[PDB]
Amino acid sequence: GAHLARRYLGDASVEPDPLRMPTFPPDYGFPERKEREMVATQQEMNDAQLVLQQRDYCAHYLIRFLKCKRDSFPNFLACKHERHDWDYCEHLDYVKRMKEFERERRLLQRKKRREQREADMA
Amino acid sequence: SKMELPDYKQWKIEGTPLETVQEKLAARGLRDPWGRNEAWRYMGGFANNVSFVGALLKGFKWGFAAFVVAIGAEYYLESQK
Amino acid sequence: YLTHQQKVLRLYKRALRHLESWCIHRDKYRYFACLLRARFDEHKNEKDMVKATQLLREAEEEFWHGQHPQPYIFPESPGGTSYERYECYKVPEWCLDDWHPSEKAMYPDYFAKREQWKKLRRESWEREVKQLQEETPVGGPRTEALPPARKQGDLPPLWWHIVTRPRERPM
Amino acid sequence: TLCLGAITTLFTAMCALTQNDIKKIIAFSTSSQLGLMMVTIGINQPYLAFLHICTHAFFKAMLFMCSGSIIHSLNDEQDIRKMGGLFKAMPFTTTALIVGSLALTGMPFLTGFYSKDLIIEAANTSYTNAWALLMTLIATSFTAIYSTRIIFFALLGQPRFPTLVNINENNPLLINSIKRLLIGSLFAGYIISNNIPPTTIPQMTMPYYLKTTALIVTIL
Amino acid sequence: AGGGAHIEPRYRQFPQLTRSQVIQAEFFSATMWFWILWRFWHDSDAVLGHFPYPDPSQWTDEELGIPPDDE
Amino acid sequence: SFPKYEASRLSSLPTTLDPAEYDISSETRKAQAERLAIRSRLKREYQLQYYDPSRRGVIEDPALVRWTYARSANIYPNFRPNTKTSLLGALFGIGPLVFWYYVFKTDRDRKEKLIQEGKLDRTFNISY
Amino acid sequence: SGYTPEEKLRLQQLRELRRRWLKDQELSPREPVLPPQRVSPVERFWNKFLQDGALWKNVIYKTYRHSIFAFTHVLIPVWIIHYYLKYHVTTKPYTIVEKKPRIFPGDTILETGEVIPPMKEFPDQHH
Amino acid sequence: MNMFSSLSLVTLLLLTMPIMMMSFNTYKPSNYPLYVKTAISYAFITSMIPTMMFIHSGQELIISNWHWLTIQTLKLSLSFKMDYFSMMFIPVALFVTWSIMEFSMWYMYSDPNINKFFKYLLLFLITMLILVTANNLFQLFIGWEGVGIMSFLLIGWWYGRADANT
Amino acid sequence: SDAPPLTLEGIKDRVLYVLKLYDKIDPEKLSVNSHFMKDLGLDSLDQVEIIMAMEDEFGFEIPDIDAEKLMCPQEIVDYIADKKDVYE
Amino acid sequence: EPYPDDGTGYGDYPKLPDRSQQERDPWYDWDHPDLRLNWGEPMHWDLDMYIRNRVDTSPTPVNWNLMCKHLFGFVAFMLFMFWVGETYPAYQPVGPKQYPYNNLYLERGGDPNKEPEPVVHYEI
Ligand SMILES: C[C@H](CCC(=O)O)[C@H]1CC[C@H]2[C@@H]3[C@H](O)C[C@@H]4C[C@H](O)CC[C@]4(C)[C@H]3C[C@H](O)[C@]12C
Ligand SMILES: *C(=O)CCCCCCCCCCCCC
C-alpha cells in the first residue's frame, strides 16, 4: 500500500483507523440519507445455505449464479454471465468501502483544520 | 556383445570453447594436456545446445499457429451465433 | 605413517575435486585445473625438508579456507547417495548350508559344484595355517599384509572370505 | 500461522538456491510450497490452501518423476553438476520438466496459477503482518531462481556426465506415467477452479501494482 | 528398465532417439503454448485485472458528504 | 593468513590442519610401529578363527565383554561418595522432583480455587 | 610405491580364484529345477490362444482380464457394501446424515409441490 | 444417496483387497505390482462418481456405519466424512498415485522386494485416505500415525545403509 | 539396473582409450603393460591425474591407498574388474 | 590414559579420544565394517553414543562458533522483524465491511427473543 506511510511515517491522528471506523455520525452531512436495500430475504439465504461472509448486501446475485450452476451441470463453462454480475455487484460494494474510507480521511483532516483555527487564536 | 569404441583421432580441441582455454593458458606458458579427452562434450549431437530463452519457447512455433486459427474459427462461428 | 609424497599427492587430488565442484563447467575447470598444476610444478624440485614442509602446511590451510562446502561425491563412495545401498542384499555364503534339502534340490549343479570349494577349502586350510606360522616372527606379525602361495597346488593363505565375498549387485 | 509459514517459505527456498542434489532441491521446494500453504491459512483463506494442495500435487509429483528419469539414465547420479545436454537427448523428460517448472513458478493459466497467483494476490489485499507478506513475495522470487537452476544445470550447457551412459526414456510405463501428470499439470487447475462451488467472497479489484506482483516478481 | 524398445548405448556420442519419443514430447510442449495463448485471449482479465481501481483522490466532497471548512 | 581452525568437542580438529601430522620425529614414527604391531597381532588371531572352516559359532571378543562389564558391573565398586558425586546426585536426582512438585501443586491449588468460586468454565465438562 | 614383488602375485592368485568363483555362480540351463506343477484349464487356453498377434483378437484378453477384475473387485464389493448400508446401516438412527439440498427461489419441492416465491425485481444493470 | 455412499466406501474397500490377498488367497507375484496399480486405476474411477454428484448439487453426507466403543458419554464410531475436502482430494491423490505406481514398475523393476515395496505404498494410501476422510479426532489420529510409520518403513527401504536408517 | 555389464575386453579398451586422449603419452608407445613412470616418464602428479581420468570414466572413486599402486594400464583393468565382479 | 579418579566409577577403563565412528577411515578393511572396529580393539566408553547413527564429531567446513553466531543471529533477527511487522500491519484503504439484518445477528446465533440493537448502513 501507500497510505501506510501517511500513518506510520507520519501523523496517526490524520488517518482513519479501520478498527474504529466509522468515527463520525452516519447522517452527518447527508440530509435524509438513503439506506441500502437487501433484495434477498433471510429465509432465501437460509434455504440457499450461503456462507456467513457471503450473507451480505451483494447476495441475491450469488443465489442466481448458484441456481444456474446446479442447472448447467455438466456444462461447467456456462453461467459465466451470472459470475460477472456477482463479481460486478461485489465490486460496487468494495468501492463504497473505499468511499467510506476516503470520507473518513477527509472528515478527520476537516476536524484538524477546524481545531487548529480556533486553537491558534486562543 | 562387444561394443565398437569409435576411433580416438576424431576428438579435437579445435573450434570449441576448449580452444579459448588453450589461448589463455598459452599466454602464461601453460597447456591443457586433457583437452582432447574432454572434447567430446562439445562436438556431435551435444554441440550447439539450445538456450534458456529458446528452451522455454519449445513448441511455441506450432502453438501460435494453432492459436490464431482457433480464435479465427470462433470469430466466424460467433459472427453467425 | 604417511610420507611427504603421499600427503602432497592427496592434497593435489582433493583440490582438483573441490575445484572441479567449484567450476562445474569442464572448460572452466580445465582452465583452472592447469593453473593449479602450475603452482605445484614450481616446488617439485625443492629439496629442503623444512621449507617444503611449511609449503604443505600452508597449502592445506589454503585448501580448508577454499574447500567447497558441498563437494561432489561419487554415488557409491563414502558420503555419496549410494554407499552401503546394496549391503541389504549381501548374504553370507554359509547361509546356504542351512537350506532345506528340498530347497537345495532346485540347484543340483550349483550345490554339487559347491562341495568342491568346501572340499578345496578344507584341504588347503592345513597348508595355509602351516605357511603362516612359519613365516611369522617370534613376536608375531608386524603388519597385515599376507604372503602368497609359494608352491603349486597351494592356495594363498586366508583366501576363503576374500574370494567368496558377496557380489556388488547380488540381487 | 502466518509468521511460521512466512519464515518457512523464505528459509527453505533460500536453502534451495545453492543445493546440488536434484532430489534435495525439489525437497526444499516442497517445504517452500508448504510454507506458502501455511501462510494461506494465516490470512484466513482455508479453501485456497486446499486448492493449492490439489494443484500442487500434480506438478510437484511430476517434477520428482521427471528427475527420477534423469537419475536412472545417469546410473544413479543425482548431483546436477554431472548433468546437462539433456534437452534433446531426453526430449520427453525435458518437456514435462519444463512444463512442471512453469506451474511451480506460476505461469498464467497453468495448474499452479489458479492457486498460487490467486493466493499472493489475496495476501497483499488483507490486514496482515507486513514482514510476513514481504518474505512471501521474496520467496516467490526464489521459486523462479532455483527452478531455473534445475533447468540450466540439467537441460542446457554441455553434458557433464561420464562417457558411457544409457540415456533411454523409451519405456511405455515411464512415458505413460509422466504423460498423465503432464496432462493434469496443464489442465487440472482450470478444471477444478471452474467446478468448485464458491465458499467465500474473492478479492478481484486491487491496485495495478498488487495484481501483477506475483507475476512481476517471478519474472525478475 | 524392463519394457520398451532396446536401444544400444552409444559410446562418447549423443544418444539415439525414436520418432514417437521426439514427436510426442513436441506435441505436449506445443499444447502448453496453445493452452496459454487461448486462455490468455479469453481470460485476459485474469492475468492483468478484472475491474478498475478508482482513485479516492478524485471524488467530490458532496457525494461523500464532506461539509465545507467553515461549516 | 587465514582464520585458524577452532575445534569444539563436536567439531574435531582436521588432521591436515593438525601440527602433529607434520613434525615427525623418530619416536612418533616408532610409536606408530608398535600401534600397528599390536593391531596386527589382534588382526591375526581373528583371522585364524574367522577363516577356520571347522568353526561354527560366535568368536568371543574380550574387548566387547570388557566394554559392557565396565558400563554395568564395575561402576559401583569404583564409586566413592565425594563432593562431586553427592552434589550431582542431589541436583539431578532430587532437583527435578522438587521442581515438578511445585509446578503441579501450584497449578492444582490455583485451579481448585477457581472451581470452588465458580470462576472456571466447565460448561460441558462431563468426561474426566 | 607400486606393488611389492609378492603383492602382484597374491592379487593374481586371488584374482584367478575370484574370477573362477564368479563363474560357478552361473545357473545351468535346466536350473532352477521346478517341481511338476499343474495349471487350471483356463490358463492352458490362453497360453496357446494368444500366440498369434492378431490385434483384433488380442484386445479380447485385455477385456477378459479387466472384465473379471471389475466383477470381483468393483461389482461384488459394491453389492456387499450396498446391501450392508441399505439393510443394516440405514436402519439405525443418524447413521447416514445428508446435508439437506439447497432450495433456490423458483424451485419446485418434490415432496409437496410448493414453489418458493422468486426474488424481487433487481435494479438491473448491464455491466 | 445410496449410490453416493456406496461408491464412496467402495473406493476405500477396493484399496484393501490387494493387501488382503497377500494372505496367499490368489497368488500371482509376477503381476502383483500390476495388480496394485490396476486397483488404484479403478479406485479413481469410482471416486469420481461421488465427486461429480457433489459438483452438481453440493451433496455431502456423513457415514457412521460401525459403533466401535462407547466410553460413558463419548460414543466413538468409524465415521467417514464425504464432503468438499474429501470429495476433491481423493480423486487427486488416487490420480497421482496411479502415475506413481506405474512409474514405480519401471524405476523399481530390478528391486528384489518390489512386491513388498508396492504393498507398503498401498498401505500409505489407505492410511492417508483414513486421515483425509476422518470425521472424529481418534480416527484422524490413526491415519496421522499411520502415514508416519509407513514413511519410516519406506525412507529406510535400503536398510543396509546407516545413513538411511538415520 | 538396466546398465550393460563391464567385460575385461570392454574395460581394457576404455582404459587405453582414455590415455590415447592424453597429450603427454604417445599412442604408439602405449601398451597394456606400459609403465606410466619408468617408460612414459610421467611425474607422479600426472599419475594422479590418470587415476582421476579413470574415476570419471567408470564413475567410481578409487582409494588413495590403492590409487598409488596402479602404475600400468594392466593393473587399472584388474582393479576395476575386481571392484565390479567382472569375470568374462 | 585412565579416566580421572574422581569416584564416578570409571575404574581403569581406558579413556579414548571423543571421536565419532564416522571419522574413522571408510576405506580401511575393518572386522566390523559398519561399526568401524577391529576384533580386540578397546571400545570407547561411549561407543553406543558415537555410532554412525548418532552424534557425529567430524570436522566441519565452518568453525563451530561462527555457525552458532550466524544461526542465532538469523533466528533472532527474523523474530524481531515479525514483531516489528505485527504492530505495523499492511492493510487496504477500506472501512469495515457491511452485512444486512443488523450485521447478521440472527445468522450468527443471536437470541430470537431479545430484539437486537439496530444497526443501519447507508448507501454511498
Ligand atoms: C487386470 C490386470 C491387467 C490385465 C491386463 O490388461 O493386461 C490383471 C493383471 C494381474 C491380475 C490379477 C492377478 O492375477 C491376481 C488374481 C488372479 C486372477 O486373475 C483373479 C483376479 C486377480 C486379482 C487378477 C485380476 C486381473 O486380471 C489382473 C489385475
Ligand atoms: C500495501 O498495502 C502492500 C505492501 C506493498 C507490497 C507491494 C510492493 C510493490 C509496490 C511498490 C512498487 C511500486 C512500483 C511498481
Please list, ordered by residue number, the helices (runs of 4 or more DSSP H) wholly in the stretch I:1-68 having 2 or more residues that are within 13 Å of chain B (Cβ to nearest Cβ) and either closer than 19 Å to B:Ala39 by Cβ or among the polar types (S, T, N, Q) (or both).
I:8-20, I:44-58
Quickly run through the stretch D:85-107 and pick out the residues that are of a type in the set (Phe, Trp, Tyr) and more than 27 Å from D:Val217 (Cα to Cα).
D:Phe92
So D:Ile119 fits all but one of (1) touching a residue at least 40 places away in the same chain (Cβ under 8 Å); (2) in a loop (DSSP other than H, G, I, E, B); (3) not aromatic (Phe, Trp, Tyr); what number is the exception?
(2)
With J:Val62, J:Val84, J:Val55, J:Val75 as the choices, which residue is surrounded by fewer than 17 Cβ atoms within 10 Å (Cβ to Cβ), in contact (Cβ under 8 Å) with a residue 12 or more places away in the chain and β-branched (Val, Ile, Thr)?
J:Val55
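Does J:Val84 satisfy the condition of being over 17 Å from the mean Cα position of the chain (by Cα) and either within 16 Å of ligand 1 (Cβ to nearest atom) or on the phi < 0 side of the Ramachandran plot (or both)?
So J:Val84 passes the test.
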List, please: which pairs have Cβ atoms under 6 Å, are six or more places apart or on different chains, and start with a residue in the stretch H:35-58 that is touching a residue at least 24 places away in the same chain (Cβ under 8 Å) and end with one that is of a type in the set (S, T, N, Q)?
H:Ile40/H:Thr97; H:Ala43/H:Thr11; H:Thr46/H:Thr11; H:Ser47/H:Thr11; H:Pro50/H:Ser8; H:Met53/H:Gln59
Selection count, the stretch D:197-215, where residues are surrounded by 15 or more Cβ atoms within 10 Å (Cβ to Cβ), near ligand 2 (Cβ under 9 Å from one of its atoms) and in a helix (DSSP H, G or I)
2
Please state which one of F:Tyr46, F:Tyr22 is in contact (Cβ under 8 Å) with a residue 12 or more places away in the chain and either in contact with a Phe, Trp or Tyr (Cβ under 8 Å, 6 or more places away or on another chain) or under 30 Å from J:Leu37 (Cβ atoms) (or both).
F:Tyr46
Select, from J:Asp5, J:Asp46, J:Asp29, J:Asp18, the only residue that is closer than 25 Å to F:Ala73 by Cβ and loosely packed, with under 12 Cβ neighbours inside 10 Å.
J:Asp5
Selection over the stretch D:148-190 where residues are part of a loop (DSSP other than H, G, I, E, B) and of a type outside the set (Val, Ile, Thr) yields a count of 14
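Which residues, counting only those in the stretch C:96-151, are in contact with a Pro (Cβ under 7 Å, 6 or more places away or on another chain) and either within 19 Å of F:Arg44 (Cα to Cα) or within 13 Å of chain G (Cβ to nearest Cβ) (or both)?
C:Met106, C:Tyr107, C:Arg121, C:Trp125, C:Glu128, C:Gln131, C:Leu132, C:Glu135, C:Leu146, C:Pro147, C:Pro148, C:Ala149
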Tally time: how many residues in the stretch A:1-34 are within 16 Å of ligand 2 (Cβ to nearest atom) and among the β-branched types (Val, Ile, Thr)?
0
If I filter the stretch A:52-62 down to residues being closer than 17 Å to J:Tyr105 by Cβ and not basic (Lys, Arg), which single residue comes out as farthest from the other protein chains (Cβ to nearest Cβ)?
A:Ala59
Can you give me the number of residues within the stretch A:36-66 that are of a type in the set (D, E, K, R) and buried (at least 19 other Cβ atoms within 10 Å of the Cβ)?
4
Which of the residues spanning the stretch H:111-166 are outside any helix (DSSP H, G or I) and more than 30 Å from H:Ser77 (Cα to Cα)?
H:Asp111, H:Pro112, H:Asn113, H:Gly156, H:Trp157, H:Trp158, H:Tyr159, H:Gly160, H:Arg161, H:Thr166
Taking the stretch H:152-163, which residues are of a type outside the set (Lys, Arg) and either surrounded by 13 or more Cβ atoms within 10 Å (Cβ to Cβ) or closer than 17 Å to C:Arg85 by Cβ (or both)?
H:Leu153, H:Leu154, H:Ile155, H:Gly156, H:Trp157, H:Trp158, H:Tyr159, H:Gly160, H:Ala162, H:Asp163
Can you name the residue in the stretch H:114-138 that is polar (S, T, N, Q) and surrounded by fewer than 17 Cβ atoms within 10 Å (Cβ to Cβ) and, of all such residues, is nearest to H:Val96 (Cα to Cα)?
H:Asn115
Does A:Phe65 satisfy the criteria of being more than 14 Å from chain E (Cβ to nearest Cβ), part of a helix (DSSP H, G or I) and more than 21 Å from the chain's Cα centre (by Cα)?
yes
Wholly inside the stretch F:37-128, helices (runs of 4 or more DSSP H) that include 1 or more residues that are closer than 30 Å to C:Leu146 by Cβ are F:62-72
Determine, yes or no, whether D:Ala188 is within 14 Å of chain J (Cβ to nearest Cβ), buried (at least 23 other Cβ atoms within 10 Å of the Cβ), aliphatic (A, V, I, L, M) and away from ligand 2 (no atom under 12 Å from the Cβ).
no
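Cβ sites come from the backbone with ideal geometry, for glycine too, and all protein chains shown count toward neighbours. Here, each number is a calculation from the coordinates, and none is a lab measurement.
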